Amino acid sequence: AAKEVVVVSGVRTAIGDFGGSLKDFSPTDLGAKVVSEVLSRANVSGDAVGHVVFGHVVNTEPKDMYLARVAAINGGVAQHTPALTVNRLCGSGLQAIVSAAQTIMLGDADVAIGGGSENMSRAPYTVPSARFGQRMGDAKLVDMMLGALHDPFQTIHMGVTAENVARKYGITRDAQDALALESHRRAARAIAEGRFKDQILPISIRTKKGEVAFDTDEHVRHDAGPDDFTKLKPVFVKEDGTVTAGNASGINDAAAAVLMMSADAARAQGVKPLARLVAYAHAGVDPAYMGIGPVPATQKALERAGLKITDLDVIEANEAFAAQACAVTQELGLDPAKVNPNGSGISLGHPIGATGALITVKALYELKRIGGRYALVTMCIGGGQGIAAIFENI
């Protein structure tokens, strides 16, 4: 049978705004930082890692095509360890964990690191005409960030797909604004109570005034009220819009990782782990309704775990758009009080490829905060997919 997967350690950076506090840190720099820190939290030597897998979507420089391997080596993992970079768009961070968990389940590794890293502030422009020349007439610099945020089949912003989902599932503007506000208030409470302190790795940021520690998610508005979201205008369609800058996730910079071991290695070393992996599942949907991807993915994951919605103490379902996040909670019958209890993409940000690893970290630490048992991690995926994993606190 398949080997049990234990998540022994996890960490994330705080999440930086677009053009904000992490804009000078490359995706391989952020990835190496979380690799070194998960190894130290698990008390695992860099020479004892079987596989490294990292999620990552937008290459900012040539090194990023080597991302998992540079993150591993500069993170202190020995050169004999294989390293893989995976891209399942917004779900890459969680995919990387599943992919790393699969090496353990199949007996190819006893230890594996799964992470993600993304720096959207550093997303590049391309010039397709530069290699062979344009010859005459104007050409373009192609924004690879906005490009990654366009559905490749209809060439519409992810935001338009969020409007498709609000329309189809009856998610009003007032519902989306209520979810957005509540996410900022939960995140601001979590910061004030220190709920994130143990799971965040501070980053010292070179400033002209001397070094200061970046250890707080800066996208969060701490003074928010209803009118900050009411006054805003829809941004992605000209007619009958509901999706705004305020009730859509940010675009952001972050990295996160977890370190996992077979259950037998974990036993024999005597680790005090975060959780075990119970099940995962994938799904594809209509690309024009990609925001509801978590629904079938979550259903299939719960079937594989032998669990029901009501057994979930903690749910991290990324708020890519309040339009889709509301529809996900509505179609699955979730309790909004248990979904994203400390905020999510709208308030903390959406550092694409890192997001799915980061919110796994969030779910596992929240399980420990409340003494819960089971957590669901799930996210929608551009191009029309969903991914879900269930973890058990142990």
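Residue indices: 1-based, along the sequence shown.
Judged by mean Cα B factor in the deposited record, 206-214 ranks above the other of 206-214 and 275-283. Stretch comparison (67-75 versus 304-312) by mean CA B-factor in the PDB entry places 304-312 on top. Note on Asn87, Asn119, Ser99, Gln269: the highest value goes to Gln269, judged by CA B factor as recorded. Of all the options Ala224, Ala83, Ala254, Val258, the entry's greatest CA B-factor is assigned to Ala224. Sort the modelled residues of the chain by CA B factor and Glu61 lands in the middle third.
When the modelled residues of the chain are ordered by C-alpha B-factor, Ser347 sits in the middle third. Residue-level temperature factors show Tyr125 in the lowest third of its chain, judged at the C-alpha atom.
In the deposited entry, the Cα temperature factor of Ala1 places it in the highest third of its chain's modelled residues. In the PDB entry, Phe321 places in the lowest third of its chain by CA B-factor.
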